[PDB]
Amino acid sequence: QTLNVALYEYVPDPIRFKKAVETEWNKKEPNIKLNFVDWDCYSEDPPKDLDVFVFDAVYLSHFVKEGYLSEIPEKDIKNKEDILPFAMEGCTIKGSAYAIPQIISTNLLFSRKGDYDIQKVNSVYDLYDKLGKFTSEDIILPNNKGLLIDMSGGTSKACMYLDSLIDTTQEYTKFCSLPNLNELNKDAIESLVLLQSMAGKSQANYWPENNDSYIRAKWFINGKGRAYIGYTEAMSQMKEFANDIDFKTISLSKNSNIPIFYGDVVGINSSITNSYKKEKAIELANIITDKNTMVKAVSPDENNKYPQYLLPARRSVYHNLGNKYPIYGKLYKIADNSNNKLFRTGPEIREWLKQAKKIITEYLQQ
């Protein structure tokens, strides 16, 4: 007896997640084996035999439209009120939940403690007035000069453009219809141009030969650059120096930030029609998203002395972690603001991204 399950693997330590899930699942279903698949939502739709899987909510509309996801009755969501509303709502279409949020994520502006100028920035335009252009092609920035930021990914940049549109238009949208790439919003794309100019084009588009996803976080701690924009989980590689840094969200426009968060959310395959198996999958989905699993997945363990610093979607996890790791107290203040929105895109995202990768990149190459 078996379930095929994919966890979200773009995290500092997916092994800690696997062990946490295995441990909590085994306590409840000692006679059902978990088959852990490496499945990549960014590359392809879920196979019919993938029973339970964690995916980026940008694909939610697509997955629901194609009918890949079973509805999850609200009574089948354990401790539902402990979940951050914007995240649960982001998983809810026309009154029905189609996923349970597990992780949320957003880019932060990181600055060094004592750098009051940077910490008072509200937007990338404020940041630019402070940093100016980095006009070198050096991948390695000078000490305390320039912006560290990873703009190497095609998909990431397209997503940044969407985020930029929302801050520029000052309207949150789920992009049921995705933007026209023949007529780019000049202001919104200007924000990406500015970011790249503060970083230098070479450093902005750099991917390291050793595939270290957090290399810029280490450079930053070592004194390279004036400021660093990256995800909260970058602090997982900052060691004790995480305590010597400040962080905040900033707007991609000259207007007030609409704080957009990626959601990594757990769905259950609609191909499951056997009600017993269906019950087991709903149980697994809750275990993947419950408090104890998240605490174990995120905290240090025998092989890892620092937290992952991923943002949970449950209040209770922050409370538990915040006693032991005070940075989580600060992260909670960012995570719990009622004006937070989950990053959603329409059903046709895959084709749009294909075209957008090329269009946004070539624009930024000028």
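When you see a residue number, it is the position in the sequence shown, counting from 1.
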>> Test of understanding: from the entry's C-alpha B-factors, which stretch has the higher mean, 188 to 196 or 261 to 269?
In response: 188 to 196
>> Per the record, averaged over C-alpha atoms, which has the higher B-factor: 135 to 143 or 219 to 227?
In response: 135 to 143
> Reading the B-factor column of the entry, which of 84, 242, 160, 121 has the highest value at its C-alpha atom?
Replying inline: 121
> At the C-alpha atoms, which of 293, 92, 274, 79 reaches the highest B-factor in this entry?
Replying inline: 274
>> Test of reading the entry: by CA B factor among the chain's modelled residues, which third contains residue 126?
In response: middle
> Based on the entry's values, in what third of the chain does the Cα temperature factor of residue 104 lie: lowest, middle or highest?
Replying inline: lowest
> Going by what the PDB entry lists, where does residue 327 fall on CA B-factor within its chain: lowest, middle or highest third?
Replying inline: middle
> Looking at the C-alpha B-factor of residue 354, is it in the lowest, middle or highest third of its chain?
Replying inline: highest
>> Splitting the chain's C-alpha B-factors into thirds, which one does residue 234 fall into?
In response: lowest
